[PDB]
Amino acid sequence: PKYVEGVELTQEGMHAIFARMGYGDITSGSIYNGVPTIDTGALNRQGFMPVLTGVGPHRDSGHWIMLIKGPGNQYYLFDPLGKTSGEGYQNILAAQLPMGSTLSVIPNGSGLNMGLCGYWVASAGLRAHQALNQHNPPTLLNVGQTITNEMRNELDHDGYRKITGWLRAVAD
């Protein structure tokens, strides 16, 4: 169905869920067949961009991540699979950004994705946009550690079923 398959957000569904949460029309990115498509203008306006990666003519199912604009020239990459996984696409995406800018991988831990990358991108993704852009920003270590904590607090006490319940609901 257009928006969610099993528990995986589609390209259509990521648009939908952002619109429902009140973010207007959000533009996403992709890396399809090793080739990125990043609309730098929209990343600027919005402050962030969910990007679907590792798809192509033979792969319908890849990984969602989040590009985040910080203040000044600085940008961030949030991969729900963790820091190491996020390093994989760091160079290719940094080469897509405006001249003179930087890209840093938010250092959250691995083993917490649990098949739910798209959901994480749409919640924790945004809370990290906020944190790195606020009045007294915490450090980039603090940000990563904080996110790791949020992911595991949210899975606690049957968190997995609750999140998947919500992805199911959103499909209707």
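All residue numbers are counted from 1 along the displayed sequence.
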item	value
Mean C-alpha temperature factor, higher of 135-143 and 35-43	135-143
Comparing 65-73 with 47-55, the one whose average Cα B-factor in the PDB entry is higher	65-73
Top residue by Cα temperature factor, when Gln130, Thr27, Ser123, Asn113 are compared in the entry	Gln130
Within-chain third of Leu9 by Cα B-factor, per the entry	middle
